[PDB]
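Visitor: This is my_file.pdb (PDB, C-alpha atoms).
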```pdb
ATOM      1  CA  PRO A 994     167.641  46.084 117.802
ATOM      2  CA  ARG A 995     170.245  48.811 118.060
ATOM      3  CA  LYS A 996     167.676  51.605 118.198
ATOM      4  CA  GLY A 997     165.330  49.613 120.413
ATOM      5  CA  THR A 998     168.095  49.082 122.949
ATOM      6  CA  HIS A 999     169.059  52.745 122.764
ATOM      7  CA  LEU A1000     165.479  53.854 123.384
ATOM      8  CA  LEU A1001     165.050  51.457 126.305
ATOM      9  CA  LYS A1002     168.331  52.617 127.815
ATOM     10  CA  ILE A1003     167.257  56.257 127.576
ATOM     11  CA  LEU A1004     163.969  55.381 129.251
ATOM     12  CA  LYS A1005     165.756  53.547 132.070
ATOM     13  CA  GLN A1006     168.202  56.414 132.632
ATOM     14  CA  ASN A1007     165.333  58.889 132.833
ATOM     15  CA  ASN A1008     163.599  56.495 135.243
ATOM     16  CA  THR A1009     160.233  57.502 133.792
ATOM     17  CA  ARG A1010     157.665  55.621 131.755
ATOM     18  CA  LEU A1011     156.787  56.559 128.173
ATOM     19  CA  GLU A1012     153.796  58.698 129.117
ATOM     20  CA  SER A1013     153.223  59.876 125.546
ATOM     21  CA  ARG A1014     154.561  59.336 122.062
ATOM     22  CA  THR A1015     155.623  62.983 121.927
ATOM     23  CA  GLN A1016     158.294  62.020 124.467
ATOM     24  CA  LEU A1017     160.122  60.080 121.755
ATOM     25  CA  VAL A1018     160.720  63.422 120.023
ATOM     26  CA  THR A1019     161.208  65.635 123.074
ATOM     27  CA  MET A1020     163.350  63.702 125.558
ATOM     28  CA  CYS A1021     164.539  60.794 123.415
ATOM     29  CA  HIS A1022     165.376  63.142 120.527
ATOM     30  CA  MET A1023     164.180  60.648 117.940
ATOM     31  CA  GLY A1024     164.493  61.687 114.313
ATOM     32  CA  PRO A1025     161.443  62.834 112.367
ATOM     33  CA  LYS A1026     161.559  59.880 109.974
ATOM     34  CA  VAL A1027     162.202  57.373 112.772
ATOM     35  CA  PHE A1028     159.245  58.858 114.648
ATOM     36  CA  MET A1029     157.015  58.721 111.569
ATOM     37  CA  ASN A1030     157.982  55.072 111.221
ATOM     38  CA  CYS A1031     157.684  53.869 114.841
ATOM     39  CA  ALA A1032     154.873  56.085 116.171
ATOM     40  CA  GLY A1033     151.801  54.005 115.330
ATOM     41  CA  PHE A1034     153.283  50.788 116.661
ATOM     42  CA  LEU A1035     154.156  51.670 120.268
ATOM     43  CA  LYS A1036     151.253  51.222 122.638
ATOM     44  CA  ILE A1037     151.102  53.479 125.681
ATOM     45  CA  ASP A1038     148.539  51.800 127.930
ATOM     46  CA  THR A1039     147.008  54.918 129.456
ATOM     47  CA  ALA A1040     144.796  52.673 131.600
ATOM     48  CA  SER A1041     147.766  51.279 133.530
ATOM     49  CA  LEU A1042     149.638  54.579 133.175
ATOM     50  CA  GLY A1043     147.668  56.199 135.963
ATOM     51  CA  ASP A1044     149.636  59.310 136.884
ATOM     52  CA  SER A1045     152.046  61.484 134.940
TER      53      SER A1045
ATOM     54  CA  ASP B 649     126.576  55.587 148.044
ATOM     55  CA  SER B 650     128.629  52.698 146.713
ATOM     56  CA  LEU B 651     131.968  53.498 145.112
ATOM     57  CA  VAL B 652     131.386  53.660 141.359
ATOM     58  CA  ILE B 653     134.267  51.432 140.311
ATOM     59  CA  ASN B 654     136.568  53.252 137.924
ATOM     60  CA  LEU B 655     135.222  52.526 134.460
ATOM     61  CA  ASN B 656     137.427  55.448 133.435
ATOM     62  CA  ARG B 657     140.850  54.041 132.643
ATOM     63  CA  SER B 658     142.941  57.034 133.758
ATOM     64  CA  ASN B 659     142.139  57.889 137.384
ATOM     65  CA  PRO B 660     144.839  60.002 139.074
ATOM     66  CA  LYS B 661     146.678  58.260 141.891
ATOM     67  CA  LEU B 662     149.106  59.118 144.664
ATOM     68  CA  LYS B 663     151.359  56.763 146.618
ATOM     69  CA  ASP B 664     153.163  56.646 149.949
ATOM     70  CA  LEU B 665     150.659  58.055 152.449
ATOM     71  CA  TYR B 666     150.157  57.374 156.158
ATOM     72  CA  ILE B 667     146.502  57.627 157.196
ATOM     73  CA  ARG B 668     145.010  59.207 160.321
ATOM     74  CA  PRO B 669     143.149  57.843 162.205
ATOM     75  CA  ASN B 670     144.724  54.399 162.012
ATOM     76  CA  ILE B 671     142.648  51.696 160.360
ATOM     77  CA  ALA B 672     144.427  49.089 162.500
ATOM     78  CA  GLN B 673     146.230  49.566 165.830
ATOM     79  CA  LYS B 674     149.039  51.489 164.097
ATOM     80  CA  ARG B 675     149.319  53.589 160.976
ATOM     81  CA  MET B 676     149.123  51.877 157.592
ATOM     82  CA  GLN B 677     151.195  52.907 154.582
ATOM     83  CA  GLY B 678     149.172  53.097 151.423
ATOM     84  CA  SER B 679     148.188  54.884 148.254
ATOM     85  CA  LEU B 680     145.238  57.001 147.208
ATOM     86  CA  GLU B 681     143.281  56.938 143.959
ATOM     87  CA  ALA B 682     140.793  59.516 142.716
ATOM     88  CA  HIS B 683     137.680  57.741 141.450
ATOM     89  CA  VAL B 684     134.739  59.100 139.484
ATOM     90  CA  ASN B 685     132.850  60.079 142.645
ATOM     91  CA  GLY B 686     135.337  59.750 145.485
ATOM     92  CA  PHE B 687     138.682  58.563 146.745
ATOM     93  CA  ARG B 688     139.754  55.015 147.498
ATOM     94  CA  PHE B 689     142.521  54.518 150.032
ATOM     95  CA  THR B 690     144.272  51.143 149.842
ATOM     96  CA  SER B 691     146.804  50.046 152.444
ATOM     97  CA  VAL B 692     149.805  47.888 151.591
ATOM     98  CA  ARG B 693     147.790  44.944 152.903
ATOM     99  CA  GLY B 694     144.462  45.698 151.234
ATOM    100  CA  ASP B 695     142.302  47.813 153.539
ATOM    101  CA  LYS B 696     139.965  49.803 151.266
ATOM    102  CA  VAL B 697     138.395  53.037 152.551
ATOM    103  CA  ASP B 698     135.980  55.138 150.475
TER     104      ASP B 698
END
```
Can the structure in the file be given as structure tokens, please?
Guide:
Amino acid sequence: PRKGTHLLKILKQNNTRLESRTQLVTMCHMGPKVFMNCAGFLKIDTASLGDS
Amino acid sequence: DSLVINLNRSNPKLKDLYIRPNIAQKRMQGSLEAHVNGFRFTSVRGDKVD
């Protein structure tokens, strides 16, 4: 919960949707292990994404 | 030809756009979406132009 809240807060402050999982490493500055753990379980609905 | 509805899930889109000429008596705020073979302009109400 602590990391989930931190990630959501970063996303809200940026005021931008999670366009790609690489964002978690670039803008969110997520650790390599944390990324390896939580990468294949975060869906980024590119259909509803639309524009970047 | 009929607008090939977007089977592609991406489809670039732009928002906030006043159209000329006016569909109704006055301008209509809307968004634009690039489809497979054209553009679809949708007003805030629902006026679709291809």
Visitor: Write out as an NGL selection string which residues come within 7 Å of segment 662-665 of chain B when counting all atoms listed in the file, dropping same-chain ones fewer than 2 positions away.
Guide: :B and (667 or 677-681)
Visitor: Under the rule that all atoms listed in the file are counted, which of A:996, A:1001, A:1040, A:1008 is the nearest residue to residue 1028 of chain A?
Guide: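 Smallest separation from residue 1028 of chain A among the options: A:996.
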Visitor: Could you list as a PyMOL selection string every residue that has an atom within 10 Å of (131.3, 55.5, 143.7), using the file's coordinates and counting only C-alpha atoms?
Guide: chain B and resi 649-654+683-688+698
Visitor: Nearest to chain A among B:672, B:691, B:682, B:697, with distances taken over only C-alpha atoms: which residue is it?
Guide: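 Smallest separation from chain A among the options: B:682.
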Visitor: Once you count only C-alpha atoms, which residues of chain B turn out to be within 8 Å of chain A? Could you give them as a ChimeraX atom specification?
Guide: /B:657-662
Visitor: To one decimal place, how far is atom CA of residue 1010 of chain A from atom CA of residue 694 of chain B in Å?
Guide: 25.5 Å
Visitor: Under the rule that all atoms listed in the file are counted, which of A:1003, A:994, A:1014, A:1020 is the nearest residue to residue 1035 of chain A?
Guide: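 Once distances to residue 1035 of chain A are computed over all atoms listed in the file, the minimum belongs to A:1014.
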Visitor: Calculate, to one decimal in Å, the centre and edge lengths of the box along x, y and z of the file that holds all listed atoms of segment 679-688 of chain B with 3 Å of margin on each side, and present them as JSON.
Guide:
```
{"center_x": 140.5, "center_y": 57.5, "center_z": 143.9, "size_x": 21.3, "size_y": 11.2, "size_z": 14.8}
```
Visitor: Save segment 657-689 of chain B to disk from that block, N, CA, C and O atoms included, as a short mmCIF file (atom, residue, chain, number, x, y, z; two decimals), in the first residue's frame.
Guide:
```cif
data_model
loop_
_atom_site.label_atom_id
_atom_site.label_comp_id
_atom_site.auth_asym_id
_atom_site.auth_seq_id
_atom_site.Cartn_x
_atom_site.Cartn_y
_atom_site.Cartn_z
N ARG B 657 -7.13 -0.11 -32.10
CA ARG B 657 -7.43 0.36 -30.76
C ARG B 657 -6.75 1.69 -30.42
O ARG B 657 -7.22 2.39 -29.52
N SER B 658 -5.68 2.05 -31.12
CA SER B 658 -4.99 3.30 -30.80
C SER B 658 -5.76 4.52 -31.28
O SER B 658 -6.52 5.12 -30.51
N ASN B 659 -5.58 4.90 -32.54
CA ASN B 659 -6.29 6.02 -33.13
C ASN B 659 -5.91 7.34 -32.45
O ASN B 659 -6.42 7.64 -31.36
N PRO B 660 -5.04 8.14 -33.05
CA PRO B 660 -4.72 9.45 -32.48
C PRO B 660 -5.96 10.31 -32.40
O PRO B 660 -6.91 10.14 -33.17
N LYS B 661 -5.96 11.23 -31.44
CA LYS B 661 -7.12 12.07 -31.17
C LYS B 661 -6.67 13.44 -30.70
O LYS B 661 -5.63 13.57 -30.04
N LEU B 662 -7.44 14.46 -31.05
CA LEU B 662 -7.20 15.80 -30.55
C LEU B 662 -8.53 16.36 -30.06
O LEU B 662 -9.59 16.07 -30.60
N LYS B 663 -8.43 17.22 -29.05
CA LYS B 663 -9.58 17.76 -28.33
C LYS B 663 -9.58 19.28 -28.36
O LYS B 663 -8.59 19.92 -28.71
N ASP B 664 -10.73 19.85 -28.00
CA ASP B 664 -10.90 21.29 -27.97
C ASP B 664 -10.67 21.88 -29.36
O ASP B 664 -9.56 22.30 -29.68
N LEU B 665 -11.72 21.92 -30.18
CA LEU B 665 -11.60 22.42 -31.54
C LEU B 665 -12.94 22.97 -32.01
O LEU B 665 -13.92 22.23 -32.06
N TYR B 666 -12.97 24.26 -32.34
CA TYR B 666 -14.14 24.88 -32.95
C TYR B 666 -14.11 24.67 -34.46
O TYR B 666 -13.07 24.86 -35.10
N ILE B 667 -15.25 24.28 -35.02
CA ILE B 667 -15.35 23.88 -36.42
C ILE B 667 -15.93 25.02 -37.25
O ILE B 667 -16.80 25.76 -36.78
N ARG B 668 -15.44 25.14 -38.48
CA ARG B 668 -15.97 26.08 -39.46
C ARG B 668 -16.16 25.31 -40.76
O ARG B 668 -15.22 24.63 -41.21
N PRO B 669 -17.32 25.40 -41.40
CA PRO B 669 -18.51 26.16 -41.02
C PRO B 669 -19.20 25.54 -39.83
O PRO B 669 -18.85 24.46 -39.39
N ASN B 670 -20.21 26.21 -39.29
CA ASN B 670 -20.88 25.72 -38.10
C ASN B 670 -21.88 24.63 -38.48
O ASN B 670 -22.65 24.79 -39.42
N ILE B 671 -21.83 23.52 -37.76
CA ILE B 671 -22.81 22.46 -37.98
C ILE B 671 -24.21 22.98 -37.67
O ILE B 671 -25.14 22.82 -38.46
N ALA B 672 -24.36 23.61 -36.51
CA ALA B 672 -25.60 24.24 -36.10
C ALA B 672 -25.57 25.73 -36.43
O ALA B 672 -24.80 26.17 -37.29
N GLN B 673 -26.42 26.52 -35.77
CA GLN B 673 -26.43 27.96 -36.01
C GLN B 673 -25.15 28.64 -35.54
O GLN B 673 -24.72 29.63 -36.14
N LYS B 674 -24.53 28.13 -34.48
CA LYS B 674 -23.28 28.67 -33.98
C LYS B 674 -22.24 27.57 -33.91
O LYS B 674 -22.54 26.38 -34.07
N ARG B 675 -20.99 27.98 -33.69
CA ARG B 675 -19.90 27.03 -33.61
C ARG B 675 -20.17 25.98 -32.53
O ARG B 675 -20.93 26.20 -31.58
N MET B 676 -19.53 24.84 -32.69
CA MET B 676 -19.68 23.70 -31.80
C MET B 676 -18.29 23.24 -31.36
O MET B 676 -17.45 22.92 -32.21
N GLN B 677 -18.06 23.21 -30.06
CA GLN B 677 -16.80 22.73 -29.51
C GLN B 677 -16.77 21.21 -29.60
O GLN B 677 -17.77 20.54 -29.34
N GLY B 678 -15.63 20.67 -30.00
CA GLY B 678 -15.56 19.24 -30.14
C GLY B 678 -14.14 18.74 -30.18
O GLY B 678 -13.19 19.46 -29.89
N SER B 679 -14.02 17.46 -30.54
CA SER B 679 -12.74 16.80 -30.64
C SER B 679 -12.65 16.13 -32.00
O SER B 679 -13.65 15.94 -32.69
N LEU B 680 -11.43 15.76 -32.37
CA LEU B 680 -11.18 15.12 -33.65
C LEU B 680 -10.45 13.81 -33.40
O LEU B 680 -9.63 13.71 -32.48
N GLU B 681 -10.74 12.80 -34.22
CA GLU B 681 -10.09 11.51 -34.08
C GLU B 681 -9.71 10.98 -35.44
O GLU B 681 -10.55 10.91 -36.35
N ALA B 682 -8.44 10.60 -35.59
CA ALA B 682 -7.94 10.07 -36.85
C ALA B 682 -8.28 8.59 -36.94
O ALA B 682 -7.79 7.78 -36.15
N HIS B 683 -9.11 8.23 -37.91
CA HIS B 683 -9.55 6.87 -38.14
C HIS B 683 -8.66 6.22 -39.20
O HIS B 683 -7.71 6.81 -39.70
N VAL B 684 -8.98 4.97 -39.53
CA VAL B 684 -8.16 4.23 -40.47
C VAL B 684 -8.15 4.90 -41.83
O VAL B 684 -7.12 4.92 -42.52
N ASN B 685 -9.28 5.47 -42.25
CA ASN B 685 -9.39 6.06 -43.57
C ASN B 685 -10.04 7.44 -43.54
O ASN B 685 -10.66 7.85 -44.52
N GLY B 686 -9.89 8.17 -42.45
CA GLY B 686 -10.48 9.49 -42.39
C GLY B 686 -10.46 10.03 -40.98
O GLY B 686 -9.89 9.44 -40.06
N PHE B 687 -11.08 11.19 -40.84
CA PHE B 687 -11.27 11.85 -39.56
C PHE B 687 -12.74 11.85 -39.19
O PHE B 687 -13.62 11.95 -40.05
N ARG B 688 -12.99 11.76 -37.89
CA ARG B 688 -14.33 11.85 -37.33
C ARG B 688 -14.31 13.02 -36.36
O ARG B 688 -13.54 13.02 -35.40
N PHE B 689 -15.16 14.00 -36.62
CA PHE B 689 -15.33 15.14 -35.73
C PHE B 689 -16.61 14.97 -34.94
O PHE B 689 -17.69 14.81 -35.52
#
```
